[PDB]
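Heads up, the thing below is written out as structure tokens.
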Amino acid sequence: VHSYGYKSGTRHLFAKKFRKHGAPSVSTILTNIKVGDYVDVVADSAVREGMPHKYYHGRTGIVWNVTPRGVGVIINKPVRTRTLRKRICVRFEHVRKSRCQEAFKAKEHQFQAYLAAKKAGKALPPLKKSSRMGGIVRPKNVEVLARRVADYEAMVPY
Amino acid sequence: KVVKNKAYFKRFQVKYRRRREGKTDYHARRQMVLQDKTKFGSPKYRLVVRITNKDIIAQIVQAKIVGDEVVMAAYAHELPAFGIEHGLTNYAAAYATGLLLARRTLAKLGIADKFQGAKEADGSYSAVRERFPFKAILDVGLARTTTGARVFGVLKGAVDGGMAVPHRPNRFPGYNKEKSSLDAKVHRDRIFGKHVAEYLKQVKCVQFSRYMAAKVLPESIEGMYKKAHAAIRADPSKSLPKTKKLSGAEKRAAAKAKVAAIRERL
Amino acid sequence: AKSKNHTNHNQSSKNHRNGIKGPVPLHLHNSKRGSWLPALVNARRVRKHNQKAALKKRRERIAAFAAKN
Amino acid sequence: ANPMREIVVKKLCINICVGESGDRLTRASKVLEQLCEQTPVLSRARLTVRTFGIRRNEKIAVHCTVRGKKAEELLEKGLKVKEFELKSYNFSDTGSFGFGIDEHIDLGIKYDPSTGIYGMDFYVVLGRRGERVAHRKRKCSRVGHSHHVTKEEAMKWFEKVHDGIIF
RNA sequence: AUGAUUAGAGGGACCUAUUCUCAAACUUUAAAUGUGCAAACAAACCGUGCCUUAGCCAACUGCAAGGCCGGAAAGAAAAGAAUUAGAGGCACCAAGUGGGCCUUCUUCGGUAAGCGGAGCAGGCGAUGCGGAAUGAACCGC
RNA sequence: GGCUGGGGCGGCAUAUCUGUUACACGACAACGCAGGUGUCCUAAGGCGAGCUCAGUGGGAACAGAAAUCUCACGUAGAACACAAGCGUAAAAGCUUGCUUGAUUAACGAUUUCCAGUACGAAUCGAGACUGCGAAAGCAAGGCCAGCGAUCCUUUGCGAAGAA
RNA sequence: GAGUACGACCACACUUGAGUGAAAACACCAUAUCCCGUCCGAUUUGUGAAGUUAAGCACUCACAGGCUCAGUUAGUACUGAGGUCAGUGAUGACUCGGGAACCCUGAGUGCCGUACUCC
């Protein structure tokens with residue numbers, strides 16, 4: 001980076017992948033964003049206006065303001081001794097709802113559905129056990145490890 | 001020379017199926033489907049008018065990710081139930097469709113008799129909007145929107161049916177454009193089919209063969225549609241009564257046989 | 001004399017010596033002045049009516065207490 | 001199996017190239033209206049040359065397109081000039097024709113002591129009735145290989161009506 | 001693909017398929033080390049709960065928001081399924097410093113340099129002590 | 001004046017923009033590498049519609065390697081004021097139509113550089129009056145370099161009428 | 001089992017050469033008073049329905065090109081941590097760990113919604 005411009009470092013970060021070129025698909029226009037929701041900021045390059053800065057590409061935060069064509073996101077940018085909490089304004093083409101929170105909110109459902117399942121039983125599925133615990137092994141086939149005379153002429157090709 | 005070179009297909013990117021097939025204009029619906037993000041999932045409909053020669057289709061379509069969904073759908077070919085037996089693709093029928101769609105959706109959504117809209121179809125332009133009427137966009141498709149075009153006939157078929165479709169009386173037939181005013185007369189004549197009723201009398205083997213054979217008098221036409229209009233409004237829901245693939249072994253087996261066949265001749 | 005030197009050398013050792021303080025919680029500063037206004041207005045038009053209803057409950061719990069005893 | 005696929009003449013395109021604008025162009029523009037009965041569109045220049053003597057956007061040529069009954073009778077009227085004989089060198093791989101026609105007076109129009117005598121260029125496009133598929137705005141797609149007109153099939157078509165050819 | 005590039009063959013140049021050899025300012029593909037967030041107490045999850053709106057819509061008890069009132073809460077199971085010499089957070093006032101240098105690894109200019117210039121870190125500077133006979137910086141500490 | 005492999009002479013590494021160095025977030029030096037900036041545009045701005053480009057191949061009076069017509073192919077090999085990168089094919093390119101969103105915009109917030117100061121440039125908004133479009137929508141210049149404190153000078157708004 | 005209208009993912013869908021297509025559709029098509037638009041009703045726009053599956057579209061096919069997934073390439077290249085390790089060096093192996101890519105082989109050749117309709 002010689003010139004320290006606005007979008008000074010990027011012929012790759014902002015390039016579209018090979019044979020993925022195109023303008024943004026419908027499915028990302030028909031997503032809707034509620035305030036408080038987590039989001040990935042990934043800048044699409046086929047929409048000029050509204051891009052996030054080079055730093056924010058690839059981060060996640062909590063949407064806060066929602067405007068007709070815009071959004072806004074709260075992202076943690078570490079600075080000298082501290083993390084400022086930055087508010088950026090993006091055109092939502094660059095925004096995708098994050099799956100980050102997901103496996104947790106699925107752990108919470110599979111607890112409650114578990115709990116209402118014990119309430120009056122029906123019992124419950126069995127608890128899987130460790131693979132690291134003991135056992136006798138009954139080998140179906142057994143072979144020998146050795147270094148072969150032939151193994152060396154394979155490592156000098158040609 | 002050869003520009004279909006092996007490396008050409010290799011880096012080639014394909015346009016969307018509906019673009020290859022030439023069916024949808026993606027820079028268009030992408031602008032039609034979109035909505036203010038502050039309106040979150042708020043349902044937004046659009047009425048699509050697609051005229052396939054020998055027929056007309058007017059649908060009211062909510063658009064969502066898994067796919068578009070259709071509230072109700074009207075067709076020109078359902079008009080014979082209402083008394084329109086000939087010229088189902090003309091402007092007059094294009095008006096009835098969309099008067100059928102508009103009245104069939106307002107029964108669908110339950111609005112029913114609350115919104116009616118002008119029954120005289122002494123066609124004229126009015127601004128679109130104490131309750132605010134049901135609102136749907138017109139989706140032209142790939143048609144050229146030239147003034148007079150039938151796609152905008154369905155438009156005021158719906159408007160006259162109570163649906164609120166934002167428009168300006170710019171492309172309706174009978175519009176000067178030298179003066180900003182629409183002439184409702186020439187537009188009415190086009191609605192009830194006078195443009196067709198005048199062009200039979202001018203003919204009397206191929207052109208209008210079914211009109212002449214089925215003995216429609218050019219004078220009866222402006223009354224034929226008029227009865228069908230008031231019939232659509234009464235009963236909306238009345239309509240027309242009532243190689244196997246080769247497997248992975250077969251493709252390969254047929255191939256090694258085809259080679260050994262010609263490998264045995266030499 | 002060449003005075004133009006630039007280094008990052010000792011820095012991230014200094015930046016972590018009082019540590020990098022983690023972010024401020026979501027609940028702490030909201031202060032929505034950004035903001036999309038017609039939603040912001042309709043938020044205060046409610047947030048007033050929640051004051052009356054909540055300051056009324058302050059009175060109904062004064063009576064209901066002295067009512068009890 | 002040949003129900004719809006008989007060959008027909010889709011368009012006859014006339015071209016008059018003139019390396020200059022001005023009178024002789026405005027005159028030849030009148031040579032076409034008298035002939036093909038349509039107000040012509042005049043080409044411009046795509047690039048400068050400096051040998052031909054043409055600069056860019058100079059209004060070089062005046063051409064016209066002709067379809068239907070005007071096209072057949074004008075084809076005949078121009079194909080009689082060369083006496084229904086032409087060289088198979090002149091058949092495109094797409095099945096089309098061309099004619100020299102150095103004299104439009106040979107095409108039947110009375111002379112005016114203004115315009116003079118111009119060279120004409122006739123070119124004919126033979127196609128089967130199904131080729132809208134490649135033009136229409138919606139659902140546009142290829143015509144298909146079996147259905148194209150061959151260089152040979154256009155030769156026979158010309159040797160079916162007003163016969164004869166030379167190699 | 002873009003840009004370099006050697007040779008023969010097949011159908012003088014061409015055309016076709018290969019071939020030898022490359023790229024900091026080329027790339028289909030694409031690591032290791034990294035980097036953003038999340039992992040249960042102002043939170044989230046659940047409800048034919050209710051209130052409020054000059055927000056959305058052709059709806060209307062749907063969606064937005066601030067609440068209220070109930071529900072449950074391995075306080076986070078099982079699956080290798082965390083650990084901590086983990087008191088978090090805020091503030092006032094102020095000094096010195098703002099010539100650095102050395103090293104593993106990465107690294108640019110130079111034939112090179114005990115040369116000049118950077119990256120991630122560790123040191124000397126400021127610190128001895130034990131060791132490499134001796135040495136600022138190496139080794140152990 | 002200054003920077004400066006002593007100073008001088010030269011240069012501009014002094015304010016700056018794209019690619020690379022730069023080590024797959026961001027950040028990163030040199031008188032390191034390869035180029036730019038101080039402008040230009042009432043259209044080269046805004047919008048709707050129609051179209052497809054560079055090139056190749058067959059064919060057509062003169063007419064040829066090269067003019068214009070026609071057909072086929074054509075993943076951008078063209079173009080987008082300019083350096084470079086990125087992005088774009090029923091367009092962001094080309095042709096054409098109507099236009100002045102290149103105005104005003106209540107002291108809104110935010111990014112970039114960063115001390116999280118200013119300037120420059122930019123993003124997201126709310127209000128006014130609008131433009132193009134059937135409509136959804138698009139537009140507060142031409143994305144992103146093209147620029148300016150205190151003081152001083154200078155122009156615009158604070159029409160008339162009423163209380 | 002299919003068609004049409006709208007579609008989501010956007011080649012397992014494309015490209016080329018063949019083959020076959022019940023009904024209904026789709027389309028090609030016939031035409032140019034009226035609305036409308038051009039040099040040309042070609043595109044387009046308005047009227048309609050005499051003809052054909054020829055073409056588009058749907059389907060099948062090809063030891064087809066491409067593309068998708070999995071193998072192999074290969075625990076090789078590379079790489080985080082380590083040495084008072086080897087070597088004059090260039091570099092390399094080793095130790096605790098992560099671990100590729102093309103060619104090459106085999107297998108696949110769209111799928112999923114709403115609405116209306118055909119046997």
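Chain identifiers are assigned as A, B, and so on, following the order in which chains appear in the structure tokens; residues are numbered from 1 within each chain, and ligands are numbered from 1 in order of appearance.
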Show me, as an MDAnalysis selection string, the residues that have an atom within 6 Å of range 235-243 of chain B when counting only C-alpha atoms (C1' of nucleotides), minus same-chain residues fewer than 5 positions from it. chainID B and resid 78 81 104
Would you please extract all helix (DSSP H, G or I) residues from range 116-262 of chain B, as assigned by DSSP on the backbone, and give them as an MDAnalysis selection string? chainID B and resid 151:159 184:192 194:201 209:213 221:234 248:262
Return as JSON lines the residues of chain A lying at most 6 Å from chain B, together with the closest atom-to-atom pair for each and the distance in Å to one decimal, counting only C-alpha atoms, with rows in chain order and ascending residue number.
```
{"residue": "A:19", "atom": "CA", "partner": "B:13", "partner_atom": "CA", "distance": 5.2}
{"residue": "A:27", "atom": "CA", "partner": "B:65", "partner_atom": "CA", "distance": 5.6}
{"residue": "A:29", "atom": "CA", "partner": "B:34", "partner_atom": "CA", "distance": 5.9}
{"residue": "A:32", "atom": "CA", "partner": "B:40", "partner_atom": "CA", "distance": 5.6}
{"residue": "A:67", "atom": "CA", "partner": "B:38", "partner_atom": "CA", "distance": 6.0}
{"residue": "A:68", "atom": "CA", "partner": "B:36", "partner_atom": "CA", "distance": 4.3}
```
Using only C-alpha atoms (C1' of nucleotides) and a cut-off of 8 Å, which residues of chain D sit close to chain G? Please list them as a PyMOL selection string. chain D and resi 1-5+38-41+64-67+129-133+135-137+141-144+147
Can I get the selected residues back with N, CA and C atoms, as a short mmCIF file (atom, residue, chain, number, x, y, z; two decimals), in the first residue's frame?
```cif
data_model
loop_
_atom_site.label_atom_id
_atom_site.label_comp_id
_atom_site.auth_asym_id
_atom_site.auth_seq_id
_atom_site.Cartn_x
_atom_site.Cartn_y
_atom_site.Cartn_z
N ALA D 1 -40.37 -35.80 -44.88
CA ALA D 1 -40.72 -34.88 -43.80
C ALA D 1 -40.30 -33.46 -44.14
N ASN D 2 -41.16 -32.73 -44.87
CA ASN D 2 -40.92 -31.33 -45.20
C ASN D 2 -42.22 -30.52 -45.26
N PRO D 3 -42.95 -30.43 -44.15
CA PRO D 3 -44.21 -29.67 -44.18
C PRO D 3 -44.08 -28.15 -44.27
N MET D 4 -43.33 -27.56 -43.33
CA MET D 4 -43.15 -26.11 -43.20
C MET D 4 -41.82 -25.63 -43.75
N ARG D 5 -40.93 -26.53 -44.13
CA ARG D 5 -39.54 -26.16 -44.26
C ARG D 5 -39.16 -25.75 -45.68
N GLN D 38 -39.31 2.90 -50.57
CA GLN D 38 -39.17 3.11 -49.14
C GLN D 38 -38.11 4.18 -48.90
N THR D 39 -38.35 5.04 -47.94
CA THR D 39 -37.36 6.05 -47.62
C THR D 39 -36.15 5.41 -46.96
N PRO D 40 -34.96 5.53 -47.54
CA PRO D 40 -33.83 4.72 -47.07
C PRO D 40 -33.19 5.28 -45.82
N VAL D 41 -32.52 4.40 -45.09
CA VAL D 41 -31.61 4.83 -44.04
C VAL D 41 -30.20 4.84 -44.60
N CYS D 64 -31.11 0.06 -48.22
CA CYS D 64 -32.51 -0.16 -47.91
C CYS D 64 -32.77 -1.65 -47.80
N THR D 65 -33.80 -2.00 -47.04
CA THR D 65 -34.24 -3.37 -46.92
C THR D 65 -35.59 -3.51 -47.59
N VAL D 66 -35.85 -4.68 -48.14
CA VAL D 66 -37.05 -4.93 -48.92
C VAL D 66 -37.56 -6.33 -48.57
N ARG D 67 -38.85 -6.42 -48.29
CA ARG D 67 -39.46 -7.68 -47.89
C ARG D 67 -40.69 -7.93 -48.74
N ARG D 129 -39.57 -20.69 -42.52
CA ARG D 129 -40.55 -19.91 -41.78
C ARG D 129 -40.37 -20.00 -40.28
N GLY D 130 -39.46 -20.83 -39.80
CA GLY D 130 -39.41 -20.96 -38.36
C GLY D 130 -38.38 -20.11 -37.66
N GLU D 131 -37.79 -19.12 -38.33
CA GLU D 131 -36.59 -18.50 -37.78
C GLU D 131 -36.88 -17.32 -36.88
N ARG D 132 -38.14 -17.01 -36.59
CA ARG D 132 -38.42 -16.01 -35.57
C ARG D 132 -37.78 -16.37 -34.24
N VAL D 133 -37.58 -17.66 -33.98
CA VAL D 133 -37.10 -18.13 -32.69
C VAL D 133 -35.81 -17.42 -32.29
N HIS D 135 -35.05 -14.21 -32.93
CA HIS D 135 -35.19 -12.76 -32.98
C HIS D 135 -36.07 -12.27 -31.85
N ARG D 136 -37.24 -12.88 -31.69
CA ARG D 136 -38.21 -12.47 -30.68
C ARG D 136 -37.55 -12.22 -29.33
N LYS D 137 -38.02 -11.17 -28.66
CA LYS D 137 -37.43 -10.73 -27.40
C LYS D 137 -37.51 -11.79 -26.32
N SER D 141 -33.89 -18.15 -28.51
CA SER D 141 -32.95 -19.26 -28.51
C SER D 141 -32.58 -19.60 -29.95
N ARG D 142 -31.69 -20.57 -30.09
CA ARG D 142 -31.12 -20.87 -31.40
C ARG D 142 -32.15 -21.51 -32.31
N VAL D 143 -31.88 -21.44 -33.62
CA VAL D 143 -32.78 -22.02 -34.61
C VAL D 143 -32.65 -23.53 -34.71
N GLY D 144 -31.47 -24.08 -34.49
CA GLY D 144 -31.28 -25.51 -34.61
C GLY D 144 -30.63 -25.85 -35.92
N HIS D 147 -32.48 -27.17 -39.31
CA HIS D 147 -33.43 -26.26 -39.92
C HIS D 147 -32.76 -25.13 -40.70
#
```
Residues of chain F within 8 Å of chain C, counting only C-alpha atoms (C1' of nucleotides), what are they? List them as a count of residues only. 6
What residues in chain A lie within 10 Å of chain F, counting only C-alpha atoms (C1' of nucleotides), written as a ChimeraX atom specification? /A:1-16,19,21-23,44-59,65-72,77-79,84,86-91
Once you have the residues from the selection above, write them out as a compact mmCIF listing (two decimals), in the first residue's frame, restricted to C-alpha atoms.
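This went into result.txt:
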```txt
# COMPACT_ATOMS: atom_id res chain seq x y z
CA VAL A 1 0.00 0.00 0.00
CA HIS A 2 1.66 3.14 -1.32
CA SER A 3 -1.22 5.65 -1.29
CA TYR A 4 -3.28 4.98 1.89
CA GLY A 5 -6.54 5.60 0.05
CA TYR A 6 -10.03 4.57 1.15
CA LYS A 7 -9.93 1.19 -0.61
CA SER A 8 -6.17 1.27 -0.98
CA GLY A 9 -5.30 -2.33 -0.23
CA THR A 10 -7.50 -4.51 -2.23
CA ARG A 11 -7.38 -6.22 -5.60
CA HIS A 12 -8.32 -9.52 -3.96
CA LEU A 13 -10.38 -8.90 -0.83
CA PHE A 14 -12.84 -7.01 -3.06
CA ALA A 15 -12.61 -9.30 -6.10
CA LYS A 16 -15.34 -11.81 -6.84
CA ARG A 19 -17.23 -18.00 -12.00
CA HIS A 21 -19.54 -13.21 -10.72
CA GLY A 22 -22.91 -11.52 -10.79
CA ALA A 23 -25.18 -8.98 -9.20
CA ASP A 44 -20.26 -7.66 -2.18
CA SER A 45 -18.26 -6.04 -4.95
CA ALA A 46 -21.04 -5.84 -7.53
CA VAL A 47 -22.74 -3.01 -5.64
CA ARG A 48 -20.70 0.17 -5.64
CA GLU A 49 -22.38 2.43 -3.10
CA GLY A 50 -22.58 1.39 0.51
CA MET A 51 -19.51 -0.79 0.95
CA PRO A 52 -17.99 -1.15 4.41
CA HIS A 53 -14.39 -0.20 4.89
CA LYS A 54 -11.58 -2.65 4.15
CA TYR A 55 -11.21 -3.42 7.86
CA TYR A 56 -14.79 -4.48 8.51
CA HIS A 57 -14.97 -7.05 5.73
CA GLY A 58 -15.30 -10.38 7.50
CA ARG A 59 -16.43 -9.20 10.93
CA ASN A 65 -30.17 1.05 13.22
CA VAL A 66 -32.21 -0.19 10.26
CA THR A 67 -32.99 2.22 7.43
CA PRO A 68 -34.86 1.53 4.18
CA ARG A 69 -31.81 0.61 2.10
CA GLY A 70 -29.26 0.57 4.93
CA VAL A 71 -28.35 -1.21 8.13
CA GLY A 72 -25.85 -0.42 10.84
CA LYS A 77 -12.15 -2.75 16.57
CA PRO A 78 -9.18 -3.15 18.91
CA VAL A 79 -7.14 0.02 19.23
CA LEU A 84 -13.62 0.79 20.66
CA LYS A 86 -17.56 0.94 16.15
CA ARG A 87 -20.81 1.85 14.43
CA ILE A 88 -20.75 1.49 10.65
CA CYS A 89 -23.41 2.17 8.04
CA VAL A 90 -23.80 -0.40 5.26
CA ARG A 91 -26.22 -1.04 2.38
```
Give the residues of chain C that lie within 6 Å of chain A; count only C-alpha atoms, and format the answer as a ChimeraX atom specification. /C:15,20-23,35-36
Spatial neighbours of residue 122 in chain E, 12 Å, only C-alpha atoms (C1' of nucleotides), chain gap at least 3 places, as a list in words: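 Near residue 122 in chain E, the qualifying residues are residues 9, 10 and 13 of chain C; 102, 103, 104, 105 and 137 of chain E.
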Put those residues in a file: C-alpha atoms (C1' of nucleotides), as a PDB file, in the first residue's frame.
```pdb
ATOM      1  CA  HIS C   9       8.672  -3.006  17.795  1.00  0.00           C
ATOM      2  CA  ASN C  10       7.706  -2.619  21.438  1.00  0.00           C
ATOM      3  CA  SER C  13       3.976  -5.413  24.340  1.00  0.00           C
TER       4      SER C  13
ATOM      5  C1'   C E 102      21.256  -7.366  19.050  1.00  0.00           C
ATOM      6  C1'   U E 103      18.956 -12.249  17.764  1.00  0.00           C
ATOM      7  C1'   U E 104      15.597 -17.299  15.690  1.00  0.00           C
ATOM      8  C1'   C E 105      12.244 -17.028  11.777  1.00  0.00           C
ATOM      9  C1'   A E 137      23.127  -9.311  23.134  1.00  0.00           C
TER      10        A E 137
END
```
Based on DSSP run over this structure's backbone, return all residues of range 16-89 of chain D in strand (DSSP E), as a list in words.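 Secondary structure check on range 16-89 of chain D, strand (DSSP E): residues 16, 41, 42, 62, 63, 64, 65, 66 and 67 of chain D.
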May I have the residues from that selection written out with N, CA, C and O atoms, as an mmCIF file, in the first residue's frame?
```cif
data_model
loop_
_atom_site.group_PDB
_atom_site.id
_atom_site.type_symbol
_atom_site.label_atom_id
_atom_site.label_comp_id
_atom_site.auth_asym_id
_atom_site.auth_seq_id
_atom_site.Cartn_x
_atom_site.Cartn_y
_atom_site.Cartn_z
ATOM 1 N N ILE D 16 -26.110 0.828 -51.611
ATOM 2 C CA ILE D 16 -25.362 1.708 -52.497
ATOM 3 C C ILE D 16 -24.234 2.341 -51.706
ATOM 4 O O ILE D 16 -24.476 3.171 -50.827
ATOM 5 N N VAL D 41 -32.518 4.397 -45.085
ATOM 6 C CA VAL D 41 -31.609 4.830 -44.042
ATOM 7 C C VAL D 41 -30.195 4.842 -44.596
ATOM 8 O O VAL D 41 -29.757 3.899 -45.260
ATOM 9 N N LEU D 42 -29.478 5.916 -44.329
ATOM 10 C CA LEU D 42 -28.135 6.116 -44.847
ATOM 11 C C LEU D 42 -27.110 5.729 -43.787
ATOM 12 O O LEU D 42 -27.231 6.122 -42.624
ATOM 13 N N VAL D 62 -25.917 4.503 -48.741
ATOM 14 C CA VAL D 62 -27.354 4.553 -48.530
ATOM 15 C C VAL D 62 -27.956 3.210 -48.895
ATOM 16 O O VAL D 62 -27.953 2.807 -50.063
ATOM 17 N N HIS D 63 -28.491 2.512 -47.902
ATOM 18 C CA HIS D 63 -28.974 1.164 -48.144
ATOM 19 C C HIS D 63 -30.434 1.092 -47.743
ATOM 20 O O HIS D 63 -30.935 1.955 -47.021
ATOM 21 N N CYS D 64 -31.107 0.055 -48.223
ATOM 22 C CA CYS D 64 -32.506 -0.158 -47.908
ATOM 23 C C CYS D 64 -32.767 -1.649 -47.802
ATOM 24 O O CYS D 64 -32.053 -2.467 -48.387
ATOM 25 N N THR D 65 -33.798 -1.997 -47.039
ATOM 26 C CA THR D 65 -34.240 -3.375 -46.924
ATOM 27 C C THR D 65 -35.594 -3.508 -47.587
ATOM 28 O O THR D 65 -36.377 -2.562 -47.626
ATOM 29 N N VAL D 66 -35.848 -4.683 -48.145
ATOM 30 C CA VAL D 66 -37.053 -4.934 -48.920
ATOM 31 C C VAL D 66 -37.559 -6.326 -48.575
ATOM 32 O O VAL D 66 -36.798 -7.297 -48.572
ATOM 33 N N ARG D 67 -38.853 -6.422 -48.286
ATOM 34 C CA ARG D 67 -39.459 -7.680 -47.887
ATOM 35 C C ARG D 67 -40.687 -7.926 -48.744
ATOM 36 O O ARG D 67 -41.171 -7.032 -49.436
#
```
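Minimum atom-to-atom distances from F:59, F:48, F:142, F:137 to residue 71 in chain F were compared using only C-alpha atoms (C1' of nucleotides), and the lowest value belongs to F:59.
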Residues of chain B were defined as contacting chain F if any atom lay at most 10 Å from it, counting only C-alpha atoms (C1' of nucleotides); please report them as a count of residues only. 47
Would you give me, as a ChimeraX atom specification, the residues of chain D that come within 9 Å of chain F, using only C-alpha atoms (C1' of nucleotides)? /D:13-19,43-47,49,52,54,60-64,89-103,118-125,137
Please identify all polymer residues within 7 Å of range 111-118 of chain G, counting only C-alpha atoms (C1' of nucleotides), omitting same-chain residues fewer than 5 positions from it, and present them as a VMD selection string. (chain B and resid 66 to 70 73) or (chain G and resid 23 to 24)
Those same residues - N, CA, C and O atoms (P, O5', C5', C4', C3', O3' and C1' of nucleotides) - I'd like them written as a PDB file, in the first residue's frame.
```pdb
ATOM      1  N   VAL B  66     -38.185 -19.509  -0.724  1.00  0.00           N
ATOM      2  CA  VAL B  66     -38.361 -20.874  -1.210  1.00  0.00           C
ATOM      3  C   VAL B  66     -39.001 -20.881  -2.593  1.00  0.00           C
ATOM      4  O   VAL B  66     -38.771 -21.801  -3.386  1.00  0.00           O
ATOM      5  N   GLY B  67     -39.778 -19.861  -2.913  1.00  0.00           N
ATOM      6  CA  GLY B  67     -40.316 -19.680  -4.246  1.00  0.00           C
ATOM      7  C   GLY B  67     -41.467 -18.709  -4.199  1.00  0.00           C
ATOM      8  O   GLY B  67     -41.981 -18.372  -3.138  1.00  0.00           O
ATOM      9  N   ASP B  68     -41.873 -18.248  -5.378  1.00  0.00           N
ATOM     10  CA  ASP B  68     -43.022 -17.359  -5.422  1.00  0.00           C
ATOM     11  C   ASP B  68     -44.283 -18.141  -5.108  1.00  0.00           C
ATOM     12  O   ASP B  68     -44.353 -19.350  -5.322  1.00  0.00           O
ATOM     13  N   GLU B  69     -45.284 -17.452  -4.579  1.00  0.00           N
ATOM     14  CA  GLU B  69     -46.550 -18.103  -4.285  1.00  0.00           C
ATOM     15  C   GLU B  69     -47.678 -17.261  -4.849  1.00  0.00           C
ATOM     16  O   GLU B  69     -47.578 -16.033  -4.886  1.00  0.00           O
ATOM     17  N   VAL B  70     -48.741 -17.924  -5.290  1.00  0.00           N
ATOM     18  CA  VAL B  70     -49.786 -17.246  -6.038  1.00  0.00           C
ATOM     19  C   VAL B  70     -51.067 -17.220  -5.221  1.00  0.00           C
ATOM     20  O   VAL B  70     -51.651 -18.267  -4.915  1.00  0.00           O
ATOM     21  N   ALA B  73     -55.320 -16.692  -9.429  1.00  0.00           N
ATOM     22  CA  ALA B  73     -54.851 -16.611 -10.806  1.00  0.00           C
ATOM     23  C   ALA B  73     -56.059 -16.609 -11.726  1.00  0.00           C
ATOM     24  O   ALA B  73     -56.946 -17.453 -11.585  1.00  0.00           O
TER      25      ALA B  73
ATOM     26  P     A G  23     -51.750 -36.135 -29.216  1.00  0.00           P
ATOM     27  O5'   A G  23     -52.878 -35.326 -28.444  1.00  0.00           O
ATOM     28  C5'   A G  23     -54.136 -35.915 -28.161  1.00  0.00           C
ATOM     29  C4'   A G  23     -54.526 -35.695 -26.723  1.00  0.00           C
ATOM     30  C3'   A G  23     -54.564 -34.246 -26.264  1.00  0.00           C
ATOM     31  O3'   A G  23     -55.778 -33.596 -26.589  1.00  0.00           O
ATOM     32  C1'   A G  23     -53.311 -35.508 -24.728  1.00  0.00           C
ATOM     33  P     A G  24     -55.773 -32.277 -27.505  1.00  0.00           P
ATOM     34  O5'   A G  24     -55.420 -31.117 -26.485  1.00  0.00           O
ATOM     35  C5'   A G  24     -56.328 -30.772 -25.454  1.00  0.00           C
ATOM     36  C4'   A G  24     -55.599 -30.345 -24.212  1.00  0.00           C
ATOM     37  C3'   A G  24     -54.960 -28.972 -24.254  1.00  0.00           C
ATOM     38  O3'   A G  24     -55.877 -27.934 -23.972  1.00  0.00           O
ATOM     39  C1'   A G  24     -53.403 -30.530 -23.438  1.00  0.00           C
TER      40        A G  24
END
```
Using only C-alpha atoms (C1' of nucleotides), select each residue of chain E with any atom at most 7 Å away from an atom of chain A, and give the selection as a ChimeraX atom specification. /E:36-39,45,78-79
So which one's closest to chain E, C:40, C:46, C:64, C:54? Using only C-alpha atoms (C1' of nucleotides), please.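 That would be C:46, the residue with the smallest distance to chain E.
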Could you tell me how far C1' of residue 106 in chain F lies from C1' of residue 157 in chain F, in Å and to one decimal?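 Value for the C1' of residue 106 in chain F-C1' of residue 157 in chain F distance: 16.0 Å.
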Shell around range 98-109 of chain G at 10 Å using only C-alpha atoms (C1' of nucleotides), local window under 5 positions removed, as a ChimeraX atom specification: /B:248 /E:28-33 /G:11-13,67-75,77-80
Can you tell me which residues surround residue 156 in chain B at a distance of at most 9 Å, considering only C-alpha atoms (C1' of nucleotides), apart from same-chain residues fewer than 3 positions away, and format the answer as a ChimeraX atom specification? /B:95,98-99,123,125,152-153,159-161,165,172
Counting only C-alpha atoms (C1' of nucleotides), which residues of chain E fall within 10 Å of chain B, and what is the closest atom pair for each with its distance in Å at one decimal, ordered by chain and rising number, as JSON lines?
```
{"residue": "E:1", "atom": "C1'", "partner": "B:11", "partner_atom": "CA", "distance": 7.7}
{"residue": "E:14", "atom": "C1'", "partner": "B:1", "partner_atom": "CA", "distance": 9.9}
{"residue": "E:15", "atom": "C1'", "partner": "B:1", "partner_atom": "CA", "distance": 7.1}
{"residue": "E:16", "atom": "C1'", "partner": "B:2", "partner_atom": "CA", "distance": 9.5}
{"residue": "E:28", "atom": "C1'", "partner": "B:11", "partner_atom": "CA", "distance": 8.2}
{"residue": "E:55", "atom": "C1'", "partner": "B:38", "partner_atom": "CA", "distance": 8.9}
{"residue": "E:56", "atom": "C1'", "partner": "B:39", "partner_atom": "CA", "distance": 5.3}
{"residue": "E:57", "atom": "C1'", "partner": "B:42", "partner_atom": "CA", "distance": 5.7}
{"residue": "E:58", "atom": "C1'", "partner": "B:134", "partner_atom": "CA", "distance": 5.4}
{"residue": "E:59", "atom": "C1'", "partner": "B:109", "partner_atom": "CA", "distance": 9.6}
{"residue": "E:62", "atom": "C1'", "partner": "B:42", "partner_atom": "CA", "distance": 9.0}
{"residue": "E:63", "atom": "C1'", "partner": "B:41", "partner_atom": "CA", "distance": 6.7}
{"residue": "E:64", "atom": "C1'", "partner": "B:40", "partner_atom": "CA", "distance": 7.9}
```
